[PDB]
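Trainee: One structure coming up, written as structure tokens, with questions to follow.
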Amino acid sequence: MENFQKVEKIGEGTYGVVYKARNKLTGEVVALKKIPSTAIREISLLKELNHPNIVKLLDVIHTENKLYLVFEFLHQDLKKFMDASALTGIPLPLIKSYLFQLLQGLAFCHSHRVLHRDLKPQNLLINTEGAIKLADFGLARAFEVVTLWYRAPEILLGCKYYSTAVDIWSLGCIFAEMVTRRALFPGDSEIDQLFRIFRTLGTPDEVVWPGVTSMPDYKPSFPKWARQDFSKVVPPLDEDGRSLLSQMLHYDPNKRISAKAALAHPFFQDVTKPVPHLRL
Ligand SMILES: Cc1nc(C)c(-c2ccnc(Nc3cccc([N+](=O)[O-])c3)n2)s1
């Protein structure tokens, strides 16, 4: 760490505190995260998982039982950008560009059998060029109240062997939040989170999700709520956007759209790469 001069505390992530710092050797400005042999091996594998929509993991430093992760630095997270854009809304072409890029990032990681598992606006980073990138990819497999708002229903229902579909669910919740300027399912407990999902998408049953009633935390005593139309859930999103969202929010992880199939969705026929309005 003698090679890094800390600049400021930029955040407090799930796996540790994130600092902006300066590399004394290269003059590089980085994001330094201060966090078991299995963890070293898994983290080392993430250094090779390089994609333009993945925050680059520059180095892994294991010194005095402490673990530091050195990332490329981006100037803002999507949560702060969404707060800054709350009175006007993020323009739909920029929402579409960000969703398209994030789907490219997920399609890449998922093709390498790497899951994020904890996507949230707080770990989506943006730059002045119009790029958006996924941070903390693969850290959940290796290792303040942790937000449940973007948690897939199979996780809340006790599935211990969940799939890449959990990331599609989280990204669908973020897509809805960019469009409406409000969190889709802002639960403050696991049951509140599950019941918020049920109140909007309907209580799942064996018809829409075969095997759901046999899940570890499923209870036959769950209240039975009717599903709502997406026209009510995400106005003023057009029919292509609502169709894609509905496929990202299917209850059955096996029915849920893949990142690769989502990239071919008609919603992206007119996708562009606009420049965001960023104040740094
Ligand atoms: C949860 C995270 N894990 C990593 C690795 C993060 C990461 C990676 C690269 N650049 C940045 N920039 C940035 C800029 C402003 C504020 C914040 N914030 O932490 O609130 C972050 N963060 S954020």
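Scheme for the structure tokens: letters A, B, ... for chains in order shown; per-chain residue numbers from 1; ligand numbers from 1 in order shown.
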As JSON, numbers by chain, please: all residues of segment 20-177 of chain A that backbone DSSP puts in alpha helix (DSSP H).
Mentor: {"A": [37, 38, 39, 40, 41, 42, 43, 44, 45, 46, 78, 79, 80, 81, 82, 83, 84, 92, 93, 94, 95, 96, 97, 98, 99, 100, 101, 102, 103, 104, 105, 106, 107, 108, 109, 110, 111, 139, 140, 141, 142, 153, 154, 155, 156, 165, 166, 167, 168, 169, 170, 171, 172, 173, 174, 175, 176, 177]}
Trainee: With only C-alpha atoms and all ligand atoms counted and 9 Å as the cut-off, give the residues of chain A in contact with ligand 1, each with its shortest interatomic distance in Å and the pair that gives it, as JSON lines.
Mentor:
```
{"residue": "A:9", "atom": "CA", "partner": "ligand 1", "partner_atom_place_in_ligand_line": "19 (O)", "distance": 7.7}
{"residue": "A:10", "atom": "CA", "partner": "ligand 1", "partner_atom_place_in_ligand_line": "19 (O)", "distance": 4.4}
{"residue": "A:11", "atom": "CA", "partner": "ligand 1", "partner_atom_place_in_ligand_line": "19 (O)", "distance": 3.4}
{"residue": "A:12", "atom": "CA", "partner": "ligand 1", "partner_atom_place_in_ligand_line": "19 (O)", "distance": 6.3}
{"residue": "A:13", "atom": "CA", "partner": "ligand 1", "partner_atom_place_in_ligand_line": "1 (C)", "distance": 4.4}
{"residue": "A:14", "atom": "CA", "partner": "ligand 1", "partner_atom_place_in_ligand_line": "1 (C)", "distance": 7.0}
{"residue": "A:15", "atom": "CA", "partner": "ligand 1", "partner_atom_place_in_ligand_line": "1 (C)", "distance": 8.3}
{"residue": "A:16", "atom": "CA", "partner": "ligand 1", "partner_atom_place_in_ligand_line": "1 (C)", "distance": 8.3}
{"residue": "A:17", "atom": "CA", "partner": "ligand 1", "partner_atom_place_in_ligand_line": "19 (O)", "distance": 7.9}
{"residue": "A:18", "atom": "CA", "partner": "ligand 1", "partner_atom_place_in_ligand_line": "19 (O)", "distance": 5.6}
{"residue": "A:19", "atom": "CA", "partner": "ligand 1", "partner_atom_place_in_ligand_line": "19 (O)", "distance": 7.4}
{"residue": "A:20", "atom": "CA", "partner": "ligand 1", "partner_atom_place_in_ligand_line": "12 (N)", "distance": 7.3}
{"residue": "A:30", "atom": "CA", "partner": "ligand 1", "partner_atom_place_in_ligand_line": "9 (C)", "distance": 7.1}
{"residue": "A:31", "atom": "CA", "partner": "ligand 1", "partner_atom_place_in_ligand_line": "9 (C)", "distance": 4.9}
{"residue": "A:32", "atom": "CA", "partner": "ligand 1", "partner_atom_place_in_ligand_line": "5 (C)", "distance": 7.4}
{"residue": "A:33", "atom": "CA", "partner": "ligand 1", "partner_atom_place_in_ligand_line": "5 (C)", "distance": 6.4}
{"residue": "A:55", "atom": "CA", "partner": "ligand 1", "partner_atom_place_in_ligand_line": "8 (C)", "distance": 6.3}
{"residue": "A:56", "atom": "CA", "partner": "ligand 1", "partner_atom_place_in_ligand_line": "9 (C)", "distance": 8.2}
{"residue": "A:57", "atom": "CA", "partner": "ligand 1", "partner_atom_place_in_ligand_line": "5 (C)", "distance": 8.3}
{"residue": "A:69", "atom": "CA", "partner": "ligand 1", "partner_atom_place_in_ligand_line": "5 (C)", "distance": 7.8}
{"residue": "A:70", "atom": "CA", "partner": "ligand 1", "partner_atom_place_in_ligand_line": "5 (C)", "distance": 8.0}
{"residue": "A:71", "atom": "CA", "partner": "ligand 1", "partner_atom_place_in_ligand_line": "9 (C)", "distance": 5.7}
{"residue": "A:72", "atom": "CA", "partner": "ligand 1", "partner_atom_place_in_ligand_line": "9 (C)", "distance": 5.5}
{"residue": "A:73", "atom": "CA", "partner": "ligand 1", "partner_atom_place_in_ligand_line": "10 (N)", "distance": 3.8}
{"residue": "A:74", "atom": "CA", "partner": "ligand 1", "partner_atom_place_in_ligand_line": "10 (N)", "distance": 3.9}
{"residue": "A:75", "atom": "CA", "partner": "ligand 1", "partner_atom_place_in_ligand_line": "14 (C)", "distance": 4.4}
{"residue": "A:76", "atom": "CA", "partner": "ligand 1", "partner_atom_place_in_ligand_line": "14 (C)", "distance": 4.1}
{"residue": "A:77", "atom": "CA", "partner": "ligand 1", "partner_atom_place_in_ligand_line": "15 (C)", "distance": 5.5}
{"residue": "A:79", "atom": "CA", "partner": "ligand 1", "partner_atom_place_in_ligand_line": "20 (O)", "distance": 8.4}
{"residue": "A:80", "atom": "CA", "partner": "ligand 1", "partner_atom_place_in_ligand_line": "16 (C)", "distance": 7.8}
{"residue": "A:120", "atom": "CA", "partner": "ligand 1", "partner_atom_place_in_ligand_line": "1 (C)", "distance": 9.0}
{"residue": "A:122", "atom": "CA", "partner": "ligand 1", "partner_atom_place_in_ligand_line": "1 (C)", "distance": 5.7}
{"residue": "A:123", "atom": "CA", "partner": "ligand 1", "partner_atom_place_in_ligand_line": "1 (C)", "distance": 4.6}
{"residue": "A:124", "atom": "CA", "partner": "ligand 1", "partner_atom_place_in_ligand_line": "23 (S)", "distance": 7.4}
{"residue": "A:125", "atom": "CA", "partner": "ligand 1", "partner_atom_place_in_ligand_line": "11 (C)", "distance": 6.3}
{"residue": "A:126", "atom": "CA", "partner": "ligand 1", "partner_atom_place_in_ligand_line": "12 (N)", "distance": 8.3}
{"residue": "A:133", "atom": "CA", "partner": "ligand 1", "partner_atom_place_in_ligand_line": "9 (C)", "distance": 8.9}
{"residue": "A:134", "atom": "CA", "partner": "ligand 1", "partner_atom_place_in_ligand_line": "8 (C)", "distance": 8.6}
{"residue": "A:135", "atom": "CA", "partner": "ligand 1", "partner_atom_place_in_ligand_line": "5 (C)", "distance": 5.1}
{"residue": "A:136", "atom": "CA", "partner": "ligand 1", "partner_atom_place_in_ligand_line": "5 (C)", "distance": 5.3}
{"residue": "A:137", "atom": "CA", "partner": "ligand 1", "partner_atom_place_in_ligand_line": "5 (C)", "distance": 8.7}
```
Trainee: May I have the residues within 8 Å of segment 233-247 of chain A as a PyMOL selection string, using only C-alpha atoms and disregarding those fewer than 6 positions away in the same chain?
Mentor: chain A and resi 172+175-176+179-180+200+255-257+262+265-267
Trainee: What lies within 12 Å of residue 46 of chain A using only C-alpha atoms, ignoring chain neighbours under 5 positions off, as a PDB file with C-alpha atoms, in the first residue's frame?
Mentor:
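Below is the file around39.pdb, written as the result:
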```pdb
ATOM      1  CA  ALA A  39     -10.954 -16.128  -2.260  1.00  0.00           C
ATOM      2  CA  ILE A  40      -7.421 -15.317  -3.605  1.00  0.00           C
ATOM      3  CA  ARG A  41      -7.842 -17.848  -6.505  1.00  0.00           C
ATOM      4  CA  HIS A  51     -14.813  -6.172 -20.987  1.00  0.00           C
ATOM      5  CA  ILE A  54     -16.878  -4.187 -16.722  1.00  0.00           C
ATOM      6  CA  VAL A  55     -14.921  -1.932 -14.274  1.00  0.00           C
ATOM      7  CA  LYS A  56     -11.333  -3.165 -14.808  1.00  0.00           C
ATOM      8  CA  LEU A  57      -9.756  -5.022 -11.849  1.00  0.00           C
ATOM      9  CA  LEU A  58      -6.148  -3.723 -12.089  1.00  0.00           C
ATOM     10  CA  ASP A  59      -4.595  -5.627  -9.189  1.00  0.00           C
ATOM     11  CA  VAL A  60      -5.201  -7.804  -6.163  1.00  0.00           C
ATOM     12  CA  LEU A  69      -8.606  -4.575  -4.824  1.00  0.00           C
ATOM     13  CA  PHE A  71      -9.914  -0.859  -9.829  1.00  0.00           C
ATOM     14  CA  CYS A 109     -19.685 -12.448 -17.724  1.00  0.00           C
ATOM     15  CA  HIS A 112     -17.827 -17.176 -18.686  1.00  0.00           C
ATOM     16  CA  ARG A 113     -20.241 -18.586 -15.991  1.00  0.00           C
ATOM     17  CA  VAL A 114     -19.578 -15.546 -13.757  1.00  0.00           C
ATOM     18  CA  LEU A 115     -22.544 -14.038 -11.889  1.00  0.00           C
ATOM     19  CA  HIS A 116     -22.726 -10.618 -10.241  1.00  0.00           C
ATOM     20  CA  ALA A 135     -18.466  -3.005 -10.612  1.00  0.00           C
ATOM     21  CA  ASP A 136     -17.885  -5.752  -8.011  1.00  0.00           C
ATOM     22  CA  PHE A 137     -18.489  -8.561 -10.540  1.00  0.00           C
ATOM     23  CA  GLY A 138     -17.795 -12.005  -9.096  1.00  0.00           C
ATOM     24  CA  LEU A 139     -17.048 -10.707  -5.535  1.00  0.00           C
ATOM     25  CA  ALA A 140     -20.221 -12.343  -3.987  1.00  0.00           C
ATOM     26  CA  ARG A 141     -18.955 -15.856  -4.997  1.00  0.00           C
ATOM     27  CA  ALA A 142     -15.555 -15.103  -3.360  1.00  0.00           C
TER      28      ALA A 142
END
```
Trainee: Using DSSP on the backbone coordinates, identify the residues of segment 28-193 of chain A assigned to strand (DSSP E); present them as a PyMOL selection string.
Mentor: chain A and resi 29-34+57-63+66-72+76-77+124-126+132-134
Trainee: As JSON, numbers by chain, please: the residues near residue 210 of chain A (cut-off 12 Å, only C-alpha atoms, same-chain neighbours under 2 positions excluded).
Mentor: {"A": [204, 205, 206, 207, 208, 212, 213, 214, 215, 251, 252, 253, 254, 255]}
Trainee: Which is closer to residue 157 of chain A than all the others in A:102, A:67, A:131, A:194, using only C-alpha atoms?
Mentor: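 Closest candidate: A:194.
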Trainee: For a test of reading the model, state the distance in Å between atom CA of residue 52 of chain A and atom CA of residue 90 of chain A, rounded to one decimal.
Mentor: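 So the answer is 22.0 Å.
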Trainee: Using only C-alpha atoms, can you tell me which of A:78, A:61, A:45, A:171 comes closest to residue 94 of chain A?
Mentor: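 Between A:78, A:61, A:45, A:171, the residue approaching residue 94 of chain A most closely is A:78.
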Trainee: Report, in Å to a single decimal, how far apart atom CA of residue 86 of chain A and atom CA of residue 230 of chain A are.
Mentor: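 We find that atom CA of residue 230 of chain A and atom CA of residue 86 of chain A lie 21.4 Å from each other.
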Trainee: Please identify every residue of segment 148-176 of chain A that has at least one atom no farther than 9 Å from an atom of segment 181-189 of chain A, counting only C-alpha atoms, and for each give the shortest atom pair and the distance in Å to one decimal, arranged by chain then increasing number, as a Markdown table.
Mentor:
```
| residue | atom | partner | partner_atom | distance |
| --- | --- | --- | --- | --- |
| A:148 | CA | A:187 | CA | 6.4 |
| A:149 | CA | A:186 | CA | 4.9 |
| A:150 | CA | A:185 | CA | 7.4 |
| A:173 | CA | A:184 | CA | 6.0 |
| A:174 | CA | A:183 | CA | 7.7 |
| A:176 | CA | A:184 | CA | 6.3 |
```
Trainee: For residue 92 of chain A, which residue among A:229, A:178, A:198, A:162 is the nearest when counting only C-alpha atoms?
Mentor: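 Among the listed residues, the smallest separation from residue 92 of chain A belongs to A:178.
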Trainee: Name the closest residue to residue 154 of chain A among the candidates A:63, A:50, A:225, A:249; distances are taken between atoms, counting only C-alpha atoms.
Mentor: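 That would be A:249, the residue with the smallest distance to residue 154 of chain A.
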Trainee: Let me make sure I understand: among A:269, A:170, A:38, A:203, which one has the smallest atom-to-atom distance to residue 248 of chain A if we use only C-alpha atoms?
Mentor: A:170
Trainee: So, counting only C-alpha atoms, which residue among A:84, A:49, A:156, A:197 is closest to residue 106 of chain A?
Mentor: A:49
